[PDB]
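Protein sequences, first through last, are from chains A, B, C, D, E and F.
For what it's worth, the deposited numbering labels the leading residue of the first sequence as 10, then goes sequentially.
For what it's worth, the deposited numbering labels the leading residue of the second sequence as 10, then goes sequentially.
For what it's worth, the deposited numbering labels the leading residue of the third sequence as 10, then goes sequentially.
For what it's worth, the deposited numbering labels the leading residue of the fourth sequence as 10, then goes sequentially.
For what it's worth, the deposited numbering labels the leading residue of the fifth sequence as 10, then goes sequentially.
For what it's worth, the deposited numbering labels the leading residue of the sixth sequence as 10, then goes sequentially.
There are 6 protein chains.
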Amino acid sequence: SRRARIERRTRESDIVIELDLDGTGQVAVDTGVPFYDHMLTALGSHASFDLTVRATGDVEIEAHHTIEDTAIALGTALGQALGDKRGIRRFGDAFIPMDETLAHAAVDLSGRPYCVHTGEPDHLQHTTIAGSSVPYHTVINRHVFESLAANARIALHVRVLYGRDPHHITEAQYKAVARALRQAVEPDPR
Amino acid sequence: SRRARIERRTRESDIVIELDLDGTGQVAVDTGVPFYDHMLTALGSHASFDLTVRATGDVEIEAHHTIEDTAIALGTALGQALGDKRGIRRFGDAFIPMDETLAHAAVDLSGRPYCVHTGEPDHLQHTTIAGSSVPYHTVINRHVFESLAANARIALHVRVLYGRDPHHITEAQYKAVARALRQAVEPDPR
Amino acid sequence: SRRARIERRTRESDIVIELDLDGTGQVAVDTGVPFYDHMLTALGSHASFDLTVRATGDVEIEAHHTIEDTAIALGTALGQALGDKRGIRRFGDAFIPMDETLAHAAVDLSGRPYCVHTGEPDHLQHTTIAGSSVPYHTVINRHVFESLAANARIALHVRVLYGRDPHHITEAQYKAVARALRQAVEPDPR
Amino acid sequence: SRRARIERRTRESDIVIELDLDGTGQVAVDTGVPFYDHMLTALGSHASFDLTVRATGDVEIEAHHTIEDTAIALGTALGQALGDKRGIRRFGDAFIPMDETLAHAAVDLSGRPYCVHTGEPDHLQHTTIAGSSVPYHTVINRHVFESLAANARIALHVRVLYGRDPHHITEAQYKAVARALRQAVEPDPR
Amino acid sequence: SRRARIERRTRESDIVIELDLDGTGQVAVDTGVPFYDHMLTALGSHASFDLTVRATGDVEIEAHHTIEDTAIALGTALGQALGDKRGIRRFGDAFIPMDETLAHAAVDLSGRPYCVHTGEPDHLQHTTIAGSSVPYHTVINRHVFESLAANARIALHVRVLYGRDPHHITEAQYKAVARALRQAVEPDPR
Amino acid sequence: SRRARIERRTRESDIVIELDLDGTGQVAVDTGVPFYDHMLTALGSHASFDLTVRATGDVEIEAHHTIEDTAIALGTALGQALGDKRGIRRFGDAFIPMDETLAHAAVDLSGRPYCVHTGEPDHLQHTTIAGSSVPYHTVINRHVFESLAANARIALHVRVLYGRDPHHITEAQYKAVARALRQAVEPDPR
Ligand SMILES: C[C@H](N)c1ncnn1C
Ligand SMILES: C[C@H](N)c1ncnn1C
Ligand SMILES: C[C@H](N)c1ncnn1C
Ligand SMILES: C[C@H](N)c1ncnn1C
Ligand SMILES: C[C@H](N)c1ncnn1C
Ligand SMILES: C[C@H](N)c1ncnn1C
Ligand SMILES: [Cl-]
Ligand SMILES: [Cl-]
Ligand SMILES: [Cl-]
Ligand SMILES: [Cl-]
Ligand SMILES: [Cl-]
Ligand SMILES: [Cl-]
Ligand SMILES: [Cl-]
Ligand SMILES: [Cl-]
Ligand SMILES: [Mn+2]
Ligand SMILES: [Mn+2]
Ligand SMILES: [Mn+2]
Ligand SMILES: [Mn+2]
Ligand SMILES: [Mn+2]
Ligand SMILES: [Mn+2]
Ligand SMILES: [Mn+2]
Ligand SMILES: [Mn+2]
Ligand SMILES: [Mn+2]
Ligand SMILES: [Mn+2]
Ligand SMILES: [Mn+2]
Ligand SMILES: [Mn+2]
Numbered sequence: 010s011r012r013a014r015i016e017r018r019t020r021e022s023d024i025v026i027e028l029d030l031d032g033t034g035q036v037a038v039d040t041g042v043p044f045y046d047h048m049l050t051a052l053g054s055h056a057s058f059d060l061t062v063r064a065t066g067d068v069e070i071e072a073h074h075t076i077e078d079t080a081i082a083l084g085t086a087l088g089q090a091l092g093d094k095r096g097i098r099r100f101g102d103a104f105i106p107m108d109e110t111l112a113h114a115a116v117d118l119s120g121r122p123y124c125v126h127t128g129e130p131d132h133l134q135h136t137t138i139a140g141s142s143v144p145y146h147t148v149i150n151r152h153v154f155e156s157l158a159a160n161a162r163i164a165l166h167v168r169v170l171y172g173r174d175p176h177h178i179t180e181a182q183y184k185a186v187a188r189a190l191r192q193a194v195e196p197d198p199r
Numbered sequence: 010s011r012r013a014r015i016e017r018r019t020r021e022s023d024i025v026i027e028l029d030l031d032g033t034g035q036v037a038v039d040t041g042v043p044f045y046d047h048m049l050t051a052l053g054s055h056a057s058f059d060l061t062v063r064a065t066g067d068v069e070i071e072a073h074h075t076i077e078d079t080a081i082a083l084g085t086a087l088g089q090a091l092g093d094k095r096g097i098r099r100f101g102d103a104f105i106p107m108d109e110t111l112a113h114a115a116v117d118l119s120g121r122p123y124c125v126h127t128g129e130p131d132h133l134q135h136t137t138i139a140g141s142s143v144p145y146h147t148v149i150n151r152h153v154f155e156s157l158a159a160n161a162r163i164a165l166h167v168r169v170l171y172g173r174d175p176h177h178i179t180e181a182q183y184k185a186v187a188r189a190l191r192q193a194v195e196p197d198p199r
Numbered sequence: 010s011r012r013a014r015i016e017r018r019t020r021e022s023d024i025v026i027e028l029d030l031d032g033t034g035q036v037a038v039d040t041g042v043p044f045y046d047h048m049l050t051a052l053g054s055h056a057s058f059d060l061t062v063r064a065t066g067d068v069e070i071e072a073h074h075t076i077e078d079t080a081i082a083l084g085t086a087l088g089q090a091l092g093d094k095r096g097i098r099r100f101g102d103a104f105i106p107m108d109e110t111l112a113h114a115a116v117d118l119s120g121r122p123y124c125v126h127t128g129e130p131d132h133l134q135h136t137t138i139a140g141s142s143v144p145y146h147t148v149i150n151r152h153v154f155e156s157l158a159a160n161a162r163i164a165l166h167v168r169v170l171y172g173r174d175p176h177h178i179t180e181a182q183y184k185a186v187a188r189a190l191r192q193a194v195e196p197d198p199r
Numbered sequence: 010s011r012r013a014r015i016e017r018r019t020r021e022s023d024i025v026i027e028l029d030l031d032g033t034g035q036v037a038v039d040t041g042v043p044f045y046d047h048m049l050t051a052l053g054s055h056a057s058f059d060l061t062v063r064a065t066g067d068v069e070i071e072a073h074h075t076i077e078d079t080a081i082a083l084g085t086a087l088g089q090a091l092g093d094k095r096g097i098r099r100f101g102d103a104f105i106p107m108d109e110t111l112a113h114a115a116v117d118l119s120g121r122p123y124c125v126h127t128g129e130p131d132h133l134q135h136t137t138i139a140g141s142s143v144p145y146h147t148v149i150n151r152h153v154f155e156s157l158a159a160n161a162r163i164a165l166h167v168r169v170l171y172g173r174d175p176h177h178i179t180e181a182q183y184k185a186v187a188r189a190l191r192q193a194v195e196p197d198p199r
Numbered sequence: 010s011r012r013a014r015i016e017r018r019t020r021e022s023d024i025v026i027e028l029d030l031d032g033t034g035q036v037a038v039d040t041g042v043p044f045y046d047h048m049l050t051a052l053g054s055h056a057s058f059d060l061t062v063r064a065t066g067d068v069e070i071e072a073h074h075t076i077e078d079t080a081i082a083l084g085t086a087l088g089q090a091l092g093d094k095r096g097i098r099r100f101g102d103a104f105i106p107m108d109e110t111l112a113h114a115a116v117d118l119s120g121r122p123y124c125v126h127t128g129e130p131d132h133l134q135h136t137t138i139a140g141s142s143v144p145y146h147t148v149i150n151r152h153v154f155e156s157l158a159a160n161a162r163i164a165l166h167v168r169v170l171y172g173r174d175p176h177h178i179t180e181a182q183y184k185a186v187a188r189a190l191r192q193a194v195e196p197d198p199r
Numbered sequence: 010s011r012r013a014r015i016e017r018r019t020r021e022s023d024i025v026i027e028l029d030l031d032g033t034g035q036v037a038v039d040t041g042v043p044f045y046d047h048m049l050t051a052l053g054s055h056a057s058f059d060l061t062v063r064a065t066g067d068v069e070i071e072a073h074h075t076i077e078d079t080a081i082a083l084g085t086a087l088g089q090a091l092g093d094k095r096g097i098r099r100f101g102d103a104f105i106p107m108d109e110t111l112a113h114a115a116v117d118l119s120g121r122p123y124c125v126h127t128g129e130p131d132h133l134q135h136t137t138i139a140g141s142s143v144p145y146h147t148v149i150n151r152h153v154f155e156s157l158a159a160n161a162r163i164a165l166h167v168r169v170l171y172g173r174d175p176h177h178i179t180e181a182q183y184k185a186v187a188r189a190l191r192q193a194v195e196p197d198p199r
């Protein structure tokens with residue numbers, strides 16, 4: 010019913026997305042960027058989407074191209090799956106506490122792309138989350154939210170009220186976006 | 010069930026309101042102040058009210074008297090239609106993104122009039138929204154929210170978190186008030 | 010189903026709590042600290058808990074030991090009654106207007122104790138609410154929210170956006186916590 | 010070759026656009042908003058487009074809905090007329106002196122919507138340009154540039170380096186956008 | 010006609026450059042520093058050079074020696090390929106929007122080395138762009154522009170007007186330099 | 010075709026100008042003010058004018074009268090040679106790096122005299138460039154640009170973005186004006 014498959018092939022990367030808005034959190038994400046996989050898994054899961062993301066790209070340069078192409082493809086999938094948007098809540102918002110961090114997201118499935126990203130501490134503009142694989146530059150958080158909003162053609166407002174840990178700050182925002190979208194896409198009984 | 014017809018006849022104006030709290034967004038508004046009509050249409054629609062507003066007044070002076078008398082009559086209608094307020098959520102709140110603008114409203118159907126209006130940029134105290142008819146002075150936004158709260162006998166908190174466009178800022182607040190009221194008036198299953 | 014009886018006996022006090030998460034606001038609170046009774050009655054009632062609190066302690070010293078032991082016991086009861094937390098909303102938040110005051114609470118039933126308490130005016134750190142019985146030092150507000158979060162093993166974020174009256178400020182926060190918990194404990198239909 | 014006809018019919022307005030990128034400045038604009046007509050005539054003319062804009066809307070509210078719908082439709086027309094964007098300069102920029110005013114615009118026909126609007130004096134956020142017809146609120150300048158960029162799917166950077174007259178400031182920006190687009194859409198001989 | 014092959018062999022690295030000023034963007038770059046490869050590919054491509062860069066060096070230390078030796082060799086190639094500079098535009102400049110970033114470069118093929126690098130945010134002095142290979146320290150951006158200007162014996166002015174993403178900021182500057190050089194090297198018909 | 014001879018005889022000086030807009034940089038300048046000769050030679054040359062300037066005046070007082078009368082006569086020559094301005098680019102701009110200095114000029118051949126001169130360091134208001142002949146007070150730079158714009162009846166915006174050497178700062182501005190005029194006077198193929 011509210012399903013979309015998107016294939017996005019650029020010079021930099023290859024994305025396949027399958028998205029059901031009316032899922033149960035059946036999520037599988039593989040981008041070659043394990044922190045990004047974790048954020049997109051949290052997003053699909055907390056939005057009660059069924060979501061599959063398979064992506065490969067030029068991670069020898071860094072994660073940016075793959076992260077962005079994935080967020081563009083995912084936005085386009087959200088846009089297509091929503092269709093005409095008849096009968097939905099349209100507006101959604103969620104607070105996510107994560108230990109010391111409090112994040113908020115608010116959505117209007119308006120059909121007009123807009124993203125306002127505020128309150129993220131300045132040190133996230135040069136912070137790296139790094140393990141044994143491809144690292145994740147938190148400066149990309151904004152870019153992901155912008156790409157998503159631009160291609161789904163929605164208003165997306167993401168706020169960090171406060172926080173310290175860059176992992177708590179980043180995950181709280183992805184989870185906020187996710188639960189905001191969940192409320193906004195659900196059928197409006199009136 | 011939760012219906013009220015209010016007639017308000019002053020030296021300055023004539024107001025008829027018909028309000029059903031349990032509507033489907035069947036809204037008709039005619040005040041001679043077309044921007045106000047647009048805001049009150051957004052309010053009735055986003056609150057899932059059935060609402061009829063017919064108003065005439067001294068618009069040769071300006072919109073103020075008609076705007077205020079209408080907001081007083083509309084408040085009184087909300088107050089009467091709520092009745093004893095048995096079994097309702099009582100508390101409601103909503104975030105409204107509108108492009109660059111984010112507004113919020115929170116309500117307590119307490120039976121104690123109170124309005125706190127914060128965060129609206131200072132230039133809305135001398136901004137005019139003007140077309141081919143009677144103009145709308147955004148300084149009146151507060152007055153409308155105050156009049157509504159005073160006569161419905163509710164606590165109404167309206168916040169502009171941020172914004173630039175006076176039309177986005179004003180409409181976002183009316184829509185926030187509307188969805189806050191919608192959540193607050195709905196039956197509480199517990 | 011989601012019931013817990015907690016008995017807590019310290020050198021300073023004796024607490025019995027009985028808590029049903031799936032109640033109708035059947036609340037009885039007796040701590041010897043009548044303002045605290047009023048706050049805990051508001052909390053149980055606004056959370057739609059069935060709640061019984063019987064506490065006696067060393068109020069000849071002041072309310073602190075009894076308030077804290079009660080909040081610890083109540084937290085432990087919330088923790089036990091939630092059990093494995095299968096199938097619940099998990100996240101909850103609420104705005105509470107109270108005349109001039111606006112408070113907010115957000116919860117994550119994470120299993121990781123955390124409390125962030127912000128925005129409370131500085132004069133509540135030496136304010137007393139006093140009647141004909143044992144008085145209530147508002148400096149204890151934070152301590153109560155911290156104790157509750159620590160022993161229920163949840164993330165609890167409590168914000169005063171603004172306010173003036175210490176009674177409005179305190180009650181608004183307890184009511185916010187209550188409605189945040191109510192949303193968070195309810196079954197998630199998905 | 011690089012032609013597009015767009016029809017956009019909303020609740021608020023009716024837009025017809027016909028756009029040839031490879032024109033000689035054959036421009037006809039009728040929106041019911043004569044200052045807007047003047048700005049869009051300057052844009053089509055200074056971009057050497059052939060452009061026809063016919064729009065009607067709810068100007069009894071004010072110009073906003075009609076201005077925005079027109080800018081959305083015009084953006085969509087630019088997007089469609091560019092097609093695959095094979096063989097073009099892609100990047101374009103122009104300085105426009107206008108008496109005391111200096112404006113600049115830079116474009117990347119990237120396929121990624123983005124608009125950065127800077128340097129416009131603060132008083133243009135509540136300035137009105139008013140004649141004998143529907144007035145023009147200069148706060149809308151940004152909104153127009155944003156709408157255009159979002160729907161043409163280009164990067165558009167518009168700068169006021171300095172200026173005083175709101176008419177000089179506004180027209181200089183529209184002319185800058187126009188000549189930036191003209192350079193960017195032209196065939197790249199290499 | 011305007012071709013140069015440069016071989017540069019230091020203790021730290023081995024560089025081979027082949028450069029045609031009058032190319033079609035036939036570019037192949039391999040330095041062992043994949044982000045640098047991406048920047049130098051963008052530069053050759055956006056300048057419509059035919060360009061081959063093969064470099065190996067002491068990347069076990071970090072990218073610096075290889076980046077610098079490559080920029081020195083590339084500058085020397087630009088210098089030799091320009092020859093006597095008879096009949097060329099000499100002056101060139103370009104604006105590059107890249108999402109939120111706006112960069113500018115201006116060139117004078119003067120025969121006097123000079124580089125002015127301004128406006129780059131302070132956090133790019135300790136930012137790393139890191140993937141699965143050798144990372145790129147953005148502090149090197151200036152060094153690259155300086156090395157290039159010193160060895161091509163040109164005036165090179167590179168400006169970041171504004172920006173946030175270090176990848177957008179860096180790539181925008183390389184693209185600006187590239188299009189500035191493209192305009193400056195082209196035959197002057199007068 | 011686009012030629013003008015101007016003779017200007019005041020109490021203070023005697024000017025003969027011959028100007029072809031469609032020249033090859035055939036320039037001869039003799040004012041008795043050798044630094045001025047150098048600046049006007051750079052201007053005619055970098056604008057691809059054919060230009061002859063012969064001037065004599067009261068240099069025993071200082072260069073001012075001769076500089077100004079020459080700039081007035083030269084402006085009048087530009088005005089007359091442009092004629093009706095049918096079919097020209099009209100708008101032109103150029104960046105000129107000169108070692109540490111970056112200057113910019115933008116022109117609108119509008120038929121409305123206007124000059125905005127900004128960014129020149131304050132010490133150029135009392136700097137002298139002095140050799141073995143009549144010296145040049147850099148405070149006159151503005152006066153020259155103003156005189157030129159007033160009598161050619163064009164908008165001329167001249168910016169020093171930054172610089173240190175008064176000779177680099179002055180020459181960069183004359184060269185910027187020159188290349189801005191060159192782009193603006195050239196035939197517009199559309
Ligand atoms: C496991 C969860 N994703 C988490 N990330 C950082 N902190 N926590 C609790
Ligand atoms: C049409 C809607 N009422 C609106 N007003 C201002 N902007 N937008 C989108
Ligand atoms: C009765 C209620 N608990 C209250 N306390 C302070 N103000 N109000 C209304
Ligand atoms: C006529 C032109 N559109 C203009 N508008 C304001 N000033 N000027 C010269
Ligand atoms: C693909 C392109 N090189 C790019 N890098 C960062 N952002 N974008 C669009
Ligand atoms: C020779 C040229 N006119 C010049 N003047 C000052 N510096 N330079 C290079
Ligand atoms: Cl989780
Ligand atoms: Cl709407
Ligand atoms: Cl109550
Ligand atoms: Cl908030
Ligand atoms: Cl014009
Ligand atoms: Cl600039
Ligand atoms: Cl590119
Ligand atoms: Cl020279
Ligand atoms: Mn990007
Ligand atoms: Mn995690
Ligand atoms: Mn009044
Ligand atoms: Mn509207
Ligand atoms: Mn204690
Ligand atoms: Mn009370
Ligand atoms: Mn709008
Ligand atoms: Mn005009
Ligand atoms: Mn070095
Ligand atoms: Mn890139
Ligand atoms: Mn003078
Ligand atoms: Mn010189």
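Think of the CB as a built atom: it goes at the ideal place given N, C-alpha and C, for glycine as much as any other residue.
ask   = Within 7 Å (strictly less), CB to CB, does D/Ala-112 reach chain E?
value = no
inquiry  = So, with DSSP's three-state summary, where would you put B/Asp-78?
reply    = helix
Host beta strand (DSSP E) of E/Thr-33 (start-end) = Careful: E/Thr-33 lies outside any beta strand (DSSP E) and carries neither H nor E.
request  = Can you give me the Cβ contacts of C/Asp-59 inside the same chain, cut-off strictly under 6 Å, excluding the 5 residues immediately before and after it?
outcome  = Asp-29, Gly-32 and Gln-35
task = Assign C/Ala-64 to one of three DSSP states: helix, strand, or coil.
result = strand
request  = Give the residues of chain D in contact with F/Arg-121, contact being defined as C-beta atoms less than 8 Å apart.
outcome  = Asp-108
query = For B/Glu-27, which beta-bridge partners are listed by DSSP?
reply = B/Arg-14 and B/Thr-61
ask   = Quick one, which residues of the stretch 124–150 of chain A are near chain E if we go by CB-CB under 7 Å, in chain order?
value = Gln-134, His-135, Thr-137, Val-143, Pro-144 and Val-148
key: Any beta strand (DSSP E) of 3 or more consecutive residues that is wholly inside the stretch 75–121 of chain A   = 100–107 and 110–117
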